[PDB]
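The file input-v3.cif contains mmCIF, N, CA and C atoms and all ligand atoms:
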```cif
data_coords
loop_
_atom_site.label_atom_id
_atom_site.label_comp_id
_atom_site.auth_asym_id
_atom_site.auth_seq_id
_atom_site.Cartn_x
_atom_site.Cartn_y
_atom_site.Cartn_z
N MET A 1521 -0.44 -21.20 15.55
CA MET A 1521 -0.78 -20.30 16.64
C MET A 1521 -0.91 -18.87 16.12
N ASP A 1522 -0.22 -17.95 16.80
CA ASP A 1522 -0.19 -16.54 16.40
C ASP A 1522 0.41 -16.33 15.00
N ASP A 1523 1.06 -17.37 14.44
CA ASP A 1523 1.84 -17.26 13.21
C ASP A 1523 1.01 -16.74 12.05
N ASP A 1524 -0.30 -16.94 12.09
CA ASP A 1524 -1.11 -16.62 10.92
C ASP A 1524 -1.01 -15.14 10.58
N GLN A 1525 -1.28 -14.27 11.55
CA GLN A 1525 -1.18 -12.83 11.29
C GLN A 1525 0.23 -12.41 10.90
N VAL A 1526 1.25 -12.97 11.54
CA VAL A 1526 2.60 -12.53 11.20
C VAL A 1526 2.97 -12.98 9.79
N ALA A 1527 2.53 -14.16 9.38
CA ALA A 1527 2.84 -14.58 8.03
C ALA A 1527 2.12 -13.70 7.01
N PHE A 1528 0.86 -13.38 7.27
CA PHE A 1528 0.11 -12.52 6.38
C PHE A 1528 0.80 -11.17 6.21
N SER A 1529 1.13 -10.50 7.32
CA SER A 1529 1.83 -9.22 7.19
C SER A 1529 3.18 -9.41 6.55
N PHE A 1530 3.81 -10.56 6.76
CA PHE A 1530 5.08 -10.77 6.10
C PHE A 1530 4.92 -10.74 4.58
N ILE A 1531 3.92 -11.46 4.06
CA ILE A 1531 3.72 -11.52 2.61
C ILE A 1531 3.36 -10.16 2.08
N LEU A 1532 2.56 -9.41 2.84
CA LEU A 1532 2.22 -8.05 2.45
C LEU A 1532 3.46 -7.19 2.34
N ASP A 1533 4.28 -7.17 3.39
CA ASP A 1533 5.47 -6.33 3.34
C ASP A 1533 6.30 -6.62 2.10
N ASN A 1534 6.39 -7.88 1.72
CA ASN A 1534 7.30 -8.19 0.63
C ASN A 1534 6.72 -7.80 -0.70
N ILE A 1535 5.40 -7.94 -0.86
CA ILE A 1535 4.74 -7.41 -2.04
C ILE A 1535 5.04 -5.93 -2.18
N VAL A 1536 4.86 -5.17 -1.11
CA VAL A 1536 5.24 -3.77 -1.16
C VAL A 1536 6.70 -3.63 -1.56
N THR A 1537 7.61 -4.26 -0.81
CA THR A 1537 9.02 -3.93 -1.01
C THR A 1537 9.54 -4.47 -2.33
N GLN A 1538 9.20 -5.70 -2.68
CA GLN A 1538 9.91 -6.30 -3.80
C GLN A 1538 9.08 -6.33 -5.08
N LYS A 1539 7.77 -6.11 -5.02
CA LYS A 1539 7.06 -5.90 -6.27
C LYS A 1539 6.55 -4.47 -6.44
N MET A 1540 5.90 -3.87 -5.44
CA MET A 1540 5.35 -2.53 -5.65
C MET A 1540 6.43 -1.45 -5.75
N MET A 1541 7.37 -1.42 -4.80
CA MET A 1541 8.38 -0.38 -4.90
C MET A 1541 9.33 -0.59 -6.08
N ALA A 1542 9.22 -1.72 -6.77
CA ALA A 1542 10.03 -2.01 -7.94
C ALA A 1542 9.49 -1.42 -9.23
N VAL A 1543 8.31 -0.81 -9.20
CA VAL A 1543 7.81 -0.16 -10.42
C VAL A 1543 8.80 0.91 -10.84
N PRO A 1544 9.16 1.01 -12.12
CA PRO A 1544 10.07 2.08 -12.55
C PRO A 1544 9.52 3.43 -12.11
N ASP A 1545 10.41 4.29 -11.63
CA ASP A 1545 10.09 5.69 -11.32
C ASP A 1545 8.96 5.80 -10.30
N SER A 1546 8.95 4.90 -9.32
CA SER A 1546 7.89 5.00 -8.34
C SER A 1546 8.34 5.68 -7.06
N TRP A 1547 9.62 5.98 -6.94
CA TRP A 1547 10.17 6.59 -5.73
C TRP A 1547 9.32 7.72 -5.12
N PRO A 1548 8.69 8.62 -5.90
CA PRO A 1548 7.86 9.65 -5.24
C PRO A 1548 6.74 9.07 -4.40
N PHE A 1549 6.33 7.83 -4.68
CA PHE A 1549 5.26 7.19 -3.93
C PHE A 1549 5.79 6.35 -2.77
N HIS A 1550 7.10 6.33 -2.56
CA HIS A 1550 7.64 5.47 -1.52
C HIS A 1550 7.44 6.07 -0.14
N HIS A 1551 7.44 7.38 -0.03
CA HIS A 1551 7.40 8.08 1.25
C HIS A 1551 6.32 9.13 1.24
N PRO A 1552 5.97 9.65 2.42
CA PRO A 1552 5.06 10.79 2.46
C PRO A 1552 5.64 11.89 1.60
N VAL A 1553 4.74 12.61 0.94
CA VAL A 1553 5.17 13.77 0.20
C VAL A 1553 5.87 14.72 1.16
N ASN A 1554 7.06 15.18 0.78
CA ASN A 1554 7.76 16.17 1.58
C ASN A 1554 7.19 17.58 1.34
N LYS A 1555 6.60 18.16 2.39
CA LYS A 1555 6.05 19.51 2.32
C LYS A 1555 7.07 20.51 1.80
N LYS A 1556 8.35 20.33 2.13
CA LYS A 1556 9.40 21.24 1.68
C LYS A 1556 9.41 21.38 0.17
N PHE A 1557 8.96 20.36 -0.55
CA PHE A 1557 9.02 20.38 -2.00
C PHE A 1557 7.68 20.67 -2.65
N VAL A 1558 6.58 20.43 -1.97
CA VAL A 1558 5.25 20.54 -2.54
C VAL A 1558 4.43 21.21 -1.46
N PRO A 1559 4.45 22.54 -1.39
CA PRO A 1559 3.92 23.21 -0.19
C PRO A 1559 2.42 23.12 -0.03
N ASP A 1560 1.66 22.88 -1.10
CA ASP A 1560 0.21 22.77 -0.95
C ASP A 1560 -0.29 21.34 -0.73
N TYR A 1561 0.59 20.33 -0.68
CA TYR A 1561 0.11 18.96 -0.82
C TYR A 1561 -0.91 18.62 0.25
N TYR A 1562 -0.53 18.84 1.51
CA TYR A 1562 -1.35 18.47 2.65
C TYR A 1562 -2.53 19.41 2.81
N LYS A 1563 -2.68 20.39 1.91
CA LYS A 1563 -3.86 21.22 1.88
C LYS A 1563 -4.86 20.77 0.82
N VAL A 1564 -4.44 20.06 -0.22
CA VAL A 1564 -5.37 19.59 -1.24
C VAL A 1564 -5.56 18.08 -1.11
N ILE A 1565 -4.58 17.40 -0.53
CA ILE A 1565 -4.73 15.98 -0.24
C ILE A 1565 -5.05 15.83 1.24
N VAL A 1566 -6.27 15.39 1.53
CA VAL A 1566 -6.71 15.42 2.91
C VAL A 1566 -6.37 14.13 3.65
N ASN A 1567 -6.27 13.00 2.94
CA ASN A 1567 -5.79 11.74 3.51
C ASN A 1567 -4.57 11.29 2.73
N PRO A 1568 -3.38 11.66 3.17
CA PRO A 1568 -2.18 11.24 2.46
C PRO A 1568 -1.93 9.77 2.66
N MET A 1569 -1.16 9.20 1.74
CA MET A 1569 -0.83 7.80 1.86
C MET A 1569 0.38 7.53 0.99
N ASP A 1570 1.16 6.55 1.43
CA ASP A 1570 2.37 6.17 0.72
C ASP A 1570 2.79 4.79 1.20
N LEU A 1571 3.77 4.25 0.50
CA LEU A 1571 4.17 2.89 0.77
C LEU A 1571 4.84 2.76 2.14
N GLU A 1572 5.62 3.75 2.55
CA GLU A 1572 6.29 3.60 3.83
C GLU A 1572 5.28 3.54 4.97
N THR A 1573 4.24 4.38 4.93
CA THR A 1573 3.25 4.32 6.00
C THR A 1573 2.48 3.02 5.93
N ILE A 1574 2.17 2.56 4.72
CA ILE A 1574 1.59 1.22 4.59
C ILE A 1574 2.50 0.18 5.27
N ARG A 1575 3.80 0.23 4.98
CA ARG A 1575 4.72 -0.66 5.68
C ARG A 1575 4.62 -0.50 7.20
N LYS A 1576 4.55 0.74 7.70
CA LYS A 1576 4.40 0.92 9.14
C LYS A 1576 3.12 0.28 9.65
N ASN A 1577 2.05 0.35 8.86
CA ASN A 1577 0.83 -0.31 9.29
C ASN A 1577 1.01 -1.82 9.28
N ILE A 1578 1.79 -2.32 8.33
CA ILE A 1578 2.05 -3.74 8.28
C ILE A 1578 2.85 -4.18 9.49
N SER A 1579 3.81 -3.34 9.91
CA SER A 1579 4.60 -3.64 11.10
C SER A 1579 3.70 -3.75 12.32
N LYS A 1580 2.64 -2.96 12.37
CA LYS A 1580 1.68 -3.02 13.46
C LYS A 1580 0.48 -3.92 13.14
N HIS A 1581 0.60 -4.82 12.16
CA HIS A 1581 -0.46 -5.77 11.83
C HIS A 1581 -1.83 -5.09 11.78
N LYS A 1582 -1.91 -4.00 11.00
CA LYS A 1582 -3.17 -3.27 10.84
C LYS A 1582 -4.12 -4.05 9.95
N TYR A 1583 -3.59 -4.64 8.90
CA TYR A 1583 -4.38 -5.33 7.90
C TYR A 1583 -4.45 -6.80 8.27
N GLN A 1584 -5.67 -7.31 8.39
CA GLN A 1584 -5.96 -8.70 8.66
C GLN A 1584 -6.53 -9.42 7.45
N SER A 1585 -6.95 -8.67 6.44
CA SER A 1585 -7.43 -9.18 5.17
C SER A 1585 -6.82 -8.32 4.07
N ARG A 1586 -6.88 -8.83 2.83
CA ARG A 1586 -6.54 -8.06 1.63
C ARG A 1586 -7.20 -6.68 1.59
N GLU A 1587 -8.39 -6.55 2.15
CA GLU A 1587 -9.27 -5.49 1.68
C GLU A 1587 -8.95 -4.14 2.33
N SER A 1588 -8.75 -4.11 3.65
CA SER A 1588 -8.28 -2.89 4.30
C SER A 1588 -6.92 -2.46 3.77
N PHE A 1589 -6.13 -3.43 3.30
CA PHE A 1589 -4.84 -3.13 2.69
C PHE A 1589 -5.04 -2.43 1.34
N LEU A 1590 -5.84 -3.05 0.46
CA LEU A 1590 -6.13 -2.46 -0.84
C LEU A 1590 -6.75 -1.07 -0.72
N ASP A 1591 -7.63 -0.88 0.27
CA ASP A 1591 -8.09 0.46 0.60
C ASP A 1591 -6.92 1.45 0.58
N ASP A 1592 -5.86 1.18 1.36
CA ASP A 1592 -4.80 2.16 1.50
C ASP A 1592 -3.95 2.25 0.23
N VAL A 1593 -3.75 1.14 -0.48
CA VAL A 1593 -2.99 1.31 -1.71
C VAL A 1593 -3.82 2.09 -2.72
N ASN A 1594 -5.09 1.72 -2.90
CA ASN A 1594 -5.95 2.43 -3.84
C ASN A 1594 -5.98 3.92 -3.55
N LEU A 1595 -5.85 4.27 -2.27
CA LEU A 1595 -5.83 5.66 -1.85
C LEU A 1595 -4.66 6.42 -2.47
N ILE A 1596 -3.51 5.77 -2.58
CA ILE A 1596 -2.34 6.41 -3.19
C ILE A 1596 -2.64 6.86 -4.62
N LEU A 1597 -3.37 6.03 -5.37
CA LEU A 1597 -3.76 6.36 -6.73
C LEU A 1597 -4.82 7.44 -6.72
N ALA A 1598 -5.89 7.23 -5.95
CA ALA A 1598 -6.90 8.26 -5.76
C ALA A 1598 -6.27 9.61 -5.45
N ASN A 1599 -5.20 9.61 -4.65
CA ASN A 1599 -4.60 10.89 -4.31
C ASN A 1599 -3.84 11.47 -5.48
N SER A 1600 -3.25 10.62 -6.31
CA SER A 1600 -2.50 11.16 -7.43
C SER A 1600 -3.43 11.77 -8.47
N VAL A 1601 -4.62 11.20 -8.64
CA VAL A 1601 -5.53 11.75 -9.62
C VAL A 1601 -5.97 13.14 -9.19
N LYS A 1602 -6.26 13.34 -7.90
CA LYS A 1602 -6.67 14.68 -7.49
C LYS A 1602 -5.52 15.66 -7.63
N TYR A 1603 -4.32 15.31 -7.16
CA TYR A 1603 -3.27 16.31 -7.22
C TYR A 1603 -2.67 16.46 -8.61
N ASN A 1604 -2.39 15.36 -9.29
CA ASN A 1604 -1.65 15.43 -10.53
C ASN A 1604 -2.55 15.39 -11.75
N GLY A 1605 -3.78 14.94 -11.58
CA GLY A 1605 -4.67 14.85 -12.70
C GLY A 1605 -4.72 13.44 -13.25
N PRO A 1606 -5.80 13.16 -13.97
CA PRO A 1606 -6.07 11.78 -14.38
C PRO A 1606 -5.07 11.23 -15.39
N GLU A 1607 -4.49 12.05 -16.28
CA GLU A 1607 -3.54 11.46 -17.21
C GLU A 1607 -2.15 12.09 -17.09
N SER A 1608 -1.72 12.33 -15.85
CA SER A 1608 -0.34 12.68 -15.55
C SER A 1608 0.54 11.43 -15.47
N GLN A 1609 1.78 11.56 -15.94
CA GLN A 1609 2.71 10.43 -15.91
C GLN A 1609 2.93 9.92 -14.49
N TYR A 1610 2.83 10.80 -13.49
CA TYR A 1610 2.90 10.36 -12.10
C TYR A 1610 1.68 9.53 -11.72
N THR A 1611 0.49 9.95 -12.15
CA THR A 1611 -0.70 9.13 -11.96
C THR A 1611 -0.54 7.78 -12.65
N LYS A 1612 0.15 7.75 -13.80
CA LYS A 1612 0.29 6.49 -14.52
C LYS A 1612 1.21 5.51 -13.79
N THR A 1613 2.25 6.00 -13.13
CA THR A 1613 3.09 5.06 -12.41
C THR A 1613 2.39 4.59 -11.14
N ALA A 1614 1.65 5.48 -10.47
CA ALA A 1614 0.79 5.02 -9.38
C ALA A 1614 -0.18 3.95 -9.87
N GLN A 1615 -0.77 4.15 -11.03
CA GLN A 1615 -1.64 3.12 -11.56
C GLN A 1615 -0.91 1.78 -11.62
N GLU A 1616 0.32 1.78 -12.14
CA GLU A 1616 0.99 0.50 -12.27
C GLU A 1616 1.34 -0.09 -10.90
N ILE A 1617 1.71 0.75 -9.93
CA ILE A 1617 1.83 0.25 -8.56
C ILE A 1617 0.54 -0.45 -8.13
N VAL A 1618 -0.61 0.23 -8.28
CA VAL A 1618 -1.86 -0.46 -7.99
C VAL A 1618 -1.97 -1.76 -8.79
N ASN A 1619 -1.50 -1.77 -10.04
CA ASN A 1619 -1.75 -2.96 -10.85
C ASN A 1619 -0.93 -4.13 -10.34
N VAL A 1620 0.39 -3.93 -10.18
CA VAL A 1620 1.25 -5.02 -9.75
C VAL A 1620 0.82 -5.51 -8.37
N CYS A 1621 0.23 -4.63 -7.57
CA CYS A 1621 -0.30 -5.10 -6.31
C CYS A 1621 -1.39 -6.16 -6.54
N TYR A 1622 -2.41 -5.83 -7.34
CA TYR A 1622 -3.48 -6.80 -7.60
C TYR A 1622 -2.94 -8.06 -8.26
N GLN A 1623 -1.99 -7.89 -9.19
CA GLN A 1623 -1.41 -9.04 -9.87
C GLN A 1623 -0.81 -10.01 -8.87
N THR A 1624 -0.01 -9.48 -7.94
CA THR A 1624 0.57 -10.34 -6.92
C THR A 1624 -0.50 -10.99 -6.06
N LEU A 1625 -1.50 -10.22 -5.63
CA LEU A 1625 -2.48 -10.81 -4.72
C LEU A 1625 -3.22 -11.97 -5.37
N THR A 1626 -3.53 -11.89 -6.66
CA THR A 1626 -4.23 -13.02 -7.25
C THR A 1626 -3.30 -14.22 -7.43
N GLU A 1627 -2.01 -13.97 -7.70
CA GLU A 1627 -1.03 -15.06 -7.73
C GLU A 1627 -1.05 -15.86 -6.44
N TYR A 1628 -1.17 -15.18 -5.31
CA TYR A 1628 -1.20 -15.81 -4.01
C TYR A 1628 -2.62 -15.90 -3.45
N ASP A 1629 -3.66 -15.81 -4.30
CA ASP A 1629 -5.02 -15.70 -3.79
C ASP A 1629 -5.36 -16.86 -2.85
N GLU A 1630 -5.22 -18.09 -3.34
CA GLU A 1630 -5.61 -19.24 -2.53
C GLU A 1630 -4.80 -19.30 -1.25
N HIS A 1631 -3.50 -19.02 -1.34
CA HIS A 1631 -2.66 -18.96 -0.15
C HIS A 1631 -3.14 -17.89 0.83
N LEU A 1632 -3.37 -16.67 0.34
CA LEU A 1632 -3.83 -15.62 1.24
C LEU A 1632 -5.22 -15.90 1.80
N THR A 1633 -6.11 -16.50 1.00
CA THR A 1633 -7.44 -16.79 1.53
C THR A 1633 -7.35 -17.66 2.78
N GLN A 1634 -6.45 -18.67 2.76
CA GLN A 1634 -6.28 -19.54 3.92
C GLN A 1634 -5.87 -18.72 5.14
N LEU A 1635 -4.72 -18.04 5.05
CA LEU A 1635 -4.30 -17.10 6.08
C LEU A 1635 -5.43 -16.19 6.57
N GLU A 1636 -6.19 -15.61 5.64
CA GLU A 1636 -7.26 -14.68 5.99
C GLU A 1636 -8.33 -15.37 6.84
N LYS A 1637 -8.70 -16.60 6.46
CA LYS A 1637 -9.71 -17.34 7.23
C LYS A 1637 -9.23 -17.62 8.64
N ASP A 1638 -8.03 -18.20 8.77
CA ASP A 1638 -7.54 -18.59 10.09
C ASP A 1638 -7.45 -17.38 11.00
N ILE A 1639 -7.12 -16.22 10.44
CA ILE A 1639 -7.03 -15.04 11.28
C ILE A 1639 -8.41 -14.61 11.79
N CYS A 1640 -9.45 -14.66 10.93
CA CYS A 1640 -10.79 -14.24 11.37
C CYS A 1640 -11.37 -15.21 12.37
N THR A 1641 -11.13 -16.52 12.19
CA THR A 1641 -11.66 -17.48 13.15
C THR A 1641 -10.98 -17.31 14.51
N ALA A 1642 -9.65 -17.16 14.52
CA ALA A 1642 -8.92 -16.86 15.75
C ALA A 1642 -9.48 -15.62 16.44
N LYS A 1643 -9.53 -14.50 15.72
CA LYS A 1643 -10.12 -13.28 16.24
C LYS A 1643 -11.51 -13.54 16.80
N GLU A 1644 -12.43 -13.99 15.95
CA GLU A 1644 -13.82 -14.16 16.37
C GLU A 1644 -13.96 -15.17 17.52
N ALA A 1645 -13.04 -16.13 17.63
CA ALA A 1645 -13.09 -17.07 18.75
C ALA A 1645 -12.21 -16.66 19.92
N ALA A 1646 -11.33 -15.67 19.74
CA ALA A 1646 -10.58 -15.13 20.87
C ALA A 1646 -11.50 -14.46 21.88
N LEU A 1647 -12.72 -14.12 21.48
CA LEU A 1647 -13.64 -13.39 22.34
C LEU A 1647 -14.53 -14.35 23.13
N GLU A 1648 -13.91 -15.34 23.77
CA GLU A 1648 -14.61 -16.37 24.54
C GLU A 1648 -14.59 -16.11 26.05
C1 LIG B 1701 13.73 15.65 -7.21
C2 LIG B 1701 12.38 16.32 -7.27
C3 LIG B 1701 11.80 16.22 -8.67
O1 LIG B 1701 11.31 15.80 -6.41
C4 LIG B 1701 11.37 15.57 -5.06
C5 LIG B 1701 12.55 15.51 -4.34
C6 LIG B 1701 12.56 15.26 -2.98
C7 LIG B 1701 13.94 15.21 -2.38
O2 LIG B 1701 14.93 15.44 -3.09
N1 LIG B 1701 14.05 14.88 -1.08
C8 LIG B 1701 15.37 14.77 -0.44
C9 LIG B 1701 15.27 14.23 0.98
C10 LIG B 1701 16.67 14.10 1.57
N2 LIG B 1701 17.38 15.39 1.58
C11 LIG B 1701 18.73 15.23 2.14
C12 LIG B 1701 17.46 15.99 0.23
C13 LIG B 1701 16.09 16.11 -0.42
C14 LIG B 1701 11.36 15.08 -2.31
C15 LIG B 1701 10.16 15.13 -3.00
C16 LIG B 1701 10.15 15.39 -4.38
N3 LIG B 1701 8.99 15.48 -5.19
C17 LIG B 1701 7.76 14.84 -5.15
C18 LIG B 1701 7.44 13.81 -4.22
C19 LIG B 1701 6.19 13.23 -4.29
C20 LIG B 1701 5.28 13.65 -5.25
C21 LIG B 1701 5.66 14.66 -6.14
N4 LIG B 1701 6.88 15.23 -6.08
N5 LIG B 1701 4.74 15.07 -7.12
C22 LIG B 1701 5.07 15.47 -8.54
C23 LIG B 1701 3.84 16.04 -9.27
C24 LIG B 1701 4.00 17.55 -9.29
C25 LIG B 1701 5.13 17.84 -8.36
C26 LIG B 1701 6.04 16.65 -8.63
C27 LIG B 1701 3.34 15.05 -6.67
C28 LIG B 1701 3.11 16.14 -5.64
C29 LIG B 1701 2.98 13.70 -6.09
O3 LIG B 1701 1.86 13.21 -6.22
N6 LIG B 1701 3.97 13.09 -5.38
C30 LIG B 1701 3.65 11.82 -4.72
#
```
Will you turn the file into structure tokens for me?
Ligand SMILES: CC(C)Oc1cc(C(=O)NC2CCN(C)CC2)ccc1Nc1ccc2c(n1)N(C1CCCC1)[C@H](C)C(=O)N2C
Amino acid sequence: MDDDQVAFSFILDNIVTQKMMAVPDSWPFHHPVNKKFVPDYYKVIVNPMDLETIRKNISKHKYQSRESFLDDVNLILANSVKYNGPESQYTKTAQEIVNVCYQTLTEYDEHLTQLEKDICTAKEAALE
């Protein structure tokens, strides 16, 4: 029944919590940048993103496929390159967050593809 979307967001949340947030020294990417510490951030980064807000989107079942999800994770890296520069050590840990994310998704590719299909058919047929 409704379980398909909840299972999908469940697997997403855990990838974030137990594989992505586990990257060494990734804590600065766990939460929105605190303006108190980086006063220009929200002036040079126009679309902020972080793992906690991604989790909040997961709580609200924002992502129904891998792809809108990867959009937001990739954004975290895109944002680090603009603020910190392409070969900053902070950009490099964001890179690895992006990497372990893709690594996990392909591990569960066939499993997630099933979930993804059932959700789109439900959606597209809910409009009857
Ligand atoms: C400890 C210190 C080093 O950092 C922070 C500390 C704190 C801190 O203690 N907060 C607590 C909250 C609780 N209360 C009770 C006490 C205070 C917050 C942010 C720090 N820095 C930071 C964060 C993110 C980035 C970030 N820095 N950076 C780095 C690149 C250049 C600046 C540093 C950029 C903006 C970047 O992309 N990102 C994502």
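Between atom CA of residue A:1530 and atom C of residue A:1631 the interatomic distance comes to 12.1 Å.
Put simply, atom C16 of ligand LIG 1701 (chain B) is 12.8 Å away from atom CA of residue A:1560.
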With all atoms of stretch 1587-1599 of chain A from the file as input, state the centre and edge lengths in Å to one decimal of the axis-aligned box that has 3 Å extra on each side, as AutoDock Vina command-line options.
```
--center_x -5.8 --center_y 2.5 --center_z -1.2 --size_x 12.9 --size_y 24.0 --size_z 17.0
```
Nearest to ligand LIG 1701 (chain B) by atom-to-atom distance, counting all atoms listed in the file, from A:1573, A:1525, A:1600, A:1537
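The closest residue to ligand LIG 1701 (chain B) is A:1600.
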Given 10 Å and only C-alpha atoms and all ligand atoms, residues near ligand LIG 1701 (chain B) as a compact mmCIF listing (two decimals) with N, CA and C atoms, in the coordinates of the input:
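Listed below is the output, result.txt:
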```
# COMPACT_ATOMS: atom_id res chain seq x y z
N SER A 1546 8.95 4.90 -9.32
CA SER A 1546 7.89 5.00 -8.34
C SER A 1546 8.34 5.68 -7.06
N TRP A 1547 9.62 5.98 -6.94
CA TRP A 1547 10.17 6.59 -5.73
C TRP A 1547 9.32 7.72 -5.12
N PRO A 1548 8.69 8.62 -5.90
CA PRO A 1548 7.86 9.65 -5.24
C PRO A 1548 6.74 9.07 -4.40
N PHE A 1549 6.33 7.83 -4.68
CA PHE A 1549 5.26 7.19 -3.93
C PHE A 1549 5.79 6.35 -2.77
N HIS A 1550 7.10 6.33 -2.56
CA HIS A 1550 7.64 5.47 -1.52
C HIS A 1550 7.44 6.07 -0.14
N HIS A 1551 7.44 7.38 -0.03
CA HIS A 1551 7.40 8.08 1.25
C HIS A 1551 6.32 9.13 1.24
N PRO A 1552 5.97 9.65 2.42
CA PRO A 1552 5.06 10.79 2.46
C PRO A 1552 5.64 11.89 1.60
N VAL A 1553 4.74 12.61 0.94
CA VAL A 1553 5.17 13.77 0.20
C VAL A 1553 5.87 14.72 1.16
N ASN A 1554 7.06 15.18 0.78
CA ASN A 1554 7.76 16.17 1.58
C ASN A 1554 7.19 17.58 1.34
N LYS A 1555 6.60 18.16 2.39
CA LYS A 1555 6.05 19.51 2.32
C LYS A 1555 7.07 20.51 1.80
N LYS A 1556 8.35 20.33 2.13
CA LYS A 1556 9.40 21.24 1.68
C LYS A 1556 9.41 21.38 0.17
N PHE A 1557 8.96 20.36 -0.55
CA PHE A 1557 9.02 20.38 -2.00
C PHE A 1557 7.68 20.67 -2.65
N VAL A 1558 6.58 20.43 -1.97
CA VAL A 1558 5.25 20.54 -2.54
C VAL A 1558 4.43 21.21 -1.46
N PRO A 1559 4.45 22.54 -1.39
CA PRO A 1559 3.92 23.21 -0.19
C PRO A 1559 2.42 23.12 -0.03
N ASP A 1560 1.66 22.88 -1.10
CA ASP A 1560 0.21 22.77 -0.95
C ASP A 1560 -0.29 21.34 -0.73
N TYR A 1561 0.59 20.33 -0.68
CA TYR A 1561 0.11 18.96 -0.82
C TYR A 1561 -0.91 18.62 0.25
N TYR A 1562 -0.53 18.84 1.51
CA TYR A 1562 -1.35 18.47 2.65
C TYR A 1562 -2.53 19.41 2.81
N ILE A 1565 -4.58 17.40 -0.53
CA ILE A 1565 -4.73 15.98 -0.24
C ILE A 1565 -5.05 15.83 1.24
N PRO A 1568 -3.38 11.66 3.17
CA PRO A 1568 -2.18 11.24 2.46
C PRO A 1568 -1.93 9.77 2.66
N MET A 1569 -1.16 9.20 1.74
CA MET A 1569 -0.83 7.80 1.86
C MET A 1569 0.38 7.53 0.99
N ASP A 1570 1.16 6.55 1.43
CA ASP A 1570 2.37 6.17 0.72
C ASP A 1570 2.79 4.79 1.20
N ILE A 1596 -3.51 5.77 -2.58
CA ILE A 1596 -2.34 6.41 -3.19
C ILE A 1596 -2.64 6.86 -4.62
N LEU A 1597 -3.37 6.03 -5.37
CA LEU A 1597 -3.76 6.36 -6.73
C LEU A 1597 -4.82 7.44 -6.72
N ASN A 1599 -5.20 9.61 -4.65
CA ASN A 1599 -4.60 10.89 -4.31
C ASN A 1599 -3.84 11.47 -5.48
N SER A 1600 -3.25 10.62 -6.31
CA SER A 1600 -2.50 11.16 -7.43
C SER A 1600 -3.43 11.77 -8.47
N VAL A 1601 -4.62 11.20 -8.64
CA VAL A 1601 -5.53 11.75 -9.62
C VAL A 1601 -5.97 13.14 -9.19
N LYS A 1602 -6.26 13.34 -7.90
CA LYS A 1602 -6.67 14.68 -7.49
C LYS A 1602 -5.52 15.66 -7.63
N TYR A 1603 -4.32 15.31 -7.16
CA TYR A 1603 -3.27 16.31 -7.22
C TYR A 1603 -2.67 16.46 -8.61
N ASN A 1604 -2.39 15.36 -9.29
CA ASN A 1604 -1.65 15.43 -10.53
C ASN A 1604 -2.55 15.39 -11.75
N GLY A 1605 -3.78 14.94 -11.58
CA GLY A 1605 -4.67 14.85 -12.70
C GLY A 1605 -4.72 13.44 -13.25
N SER A 1608 -1.72 12.33 -15.85
CA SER A 1608 -0.34 12.68 -15.55
C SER A 1608 0.54 11.43 -15.47
N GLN A 1609 1.78 11.56 -15.94
CA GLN A 1609 2.71 10.43 -15.91
C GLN A 1609 2.93 9.92 -14.49
N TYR A 1610 2.83 10.80 -13.49
CA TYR A 1610 2.90 10.36 -12.10
C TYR A 1610 1.68 9.53 -11.72
N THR A 1611 0.49 9.95 -12.15
CA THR A 1611 -0.70 9.13 -11.96
C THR A 1611 -0.54 7.78 -12.65
N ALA A 1614 1.65 5.48 -10.47
CA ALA A 1614 0.79 5.02 -9.38
C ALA A 1614 -0.18 3.95 -9.87
```
Tell me, in Å to one decimal, how far atom N of residue A:1523 is from atom N of residue A:1575.
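We find that atom N of residue A:1523 and atom N of residue A:1575 lie 20.2 Å from each other.
Here the question is which of A:1647, A:1639, A:1621, A:1531 gets nearest to residue A:1584 using only N, CA and C atoms, and that residue is A:1639.
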According to DSSP computed on the backbone, where in stretch 1558-1636 of chain A is there helix (DSSP H, G or I)? Give the residues as a PyMOL selection string.
chain A and resi 1561-1564+1571-1579+1586-1604+1609-1627+1629-1636
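Nearest to residue A:1634 of all the residues A:1541, A:1586, A:1612, A:1572 is A:1586, based on only C-alpha atoms.
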Can you tell me which residues surround residue A:1578 at a distance of at most 8 Å, considering all atoms listed in the file, apart from same-chain residues fewer than 2 positions away, and format the answer as a PyMOL selection string?
chain A and resi 1528-1530+1532-1533+1572-1576+1580-1583
Would you please work out which residue, of A:1622, A:1628, A:1595, A:1544, is nearest to residue A:1567 when using only N, CA and C atoms?
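Looking at the shortest contact to residue A:1567, the residue is A:1595.
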